[PDB]
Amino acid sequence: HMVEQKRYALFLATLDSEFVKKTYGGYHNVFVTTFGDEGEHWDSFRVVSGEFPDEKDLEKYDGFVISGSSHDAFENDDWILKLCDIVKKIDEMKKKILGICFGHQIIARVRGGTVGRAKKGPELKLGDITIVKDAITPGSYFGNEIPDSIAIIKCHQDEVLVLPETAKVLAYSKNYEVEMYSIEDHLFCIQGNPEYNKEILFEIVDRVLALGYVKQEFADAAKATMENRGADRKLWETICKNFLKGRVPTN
């Protein structure tokens, strides 16, 4: 009989930026580099462009990842509605979804939460989130020794303003009450972008500065957060893979 193949679906809620296309070949590659392991089959679907799996094919996937986006997760574009519908279906199937940034926000929306512009304003920087260690099982996604804090790239202007009643907050920060959360055993959401790196961040900063969206001094302060430190990238890959591939007991 056939071996059980491992299949993951990536919902690309962003187009490929010029820098990401040139440097990495696009976000598919970025996501697979971050979360993929040898021998898995990753299908991506450019949901932002209205490309979706068929509902009948959802069962073949072992897990789903929803990417970041420049779009607002509270908007009502047809593709966002369709994304919410398909996420609702996957959620009902109890299939694993890792939501990243926009994805974190979409899952919150589907489960009755509210997303909108953050009360304390946008973040574009390397930040640190405080872990709610009391909500985390030793030897689950976060390893045997749970960190007090994790460094992650932040690139967002919106947040979960109202958490679904079914969500457990796993991390917060001074300005954002919901930096990471889980719902049941199959939904896991991070507001930051574990897939980003210094090069991706700095290129966004440069571009948004050039557009006149932020001041030079803001751009400078954003970049300064990563001049001498990086995100906890290896730890994020471990956590996310632990969750997405059920590599450790559930939390």
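A residue's number is simply how far along the shown sequence it sits, counting from 1.
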Going by the entry, of stretches 85-93 and 103-111 the one with greater average Cα B-factor is 85-93
For the stretches 241-249 and 3-11, which has the higher mean C-alpha B-factor as given in the deposited record? 3-11
Deposited CA B-factor, highest of 77, 179, 128, 158: 77
When the entry's CA B-factors for 30, 187, 190, 58 are compared, the highest one belongs to 58
Third of the chain's Cα B-factor distribution that residue 71 belongs to, per the entry: middle
Based on the entry's values, in what third of the chain does the Cα temperature factor of residue 16 lie: lowest, middle or highest? middle
Compared with the other modelled residues in the chain, in which third is the CA B-factor of residue 218? highest
Split the chain's modelled residues into thirds by Cα B-factor; is residue 53 in the lowest, middle or highest one? highest
Residue 154 - which third its CA temperature factor falls in, relative to the rest of the chain: lowest
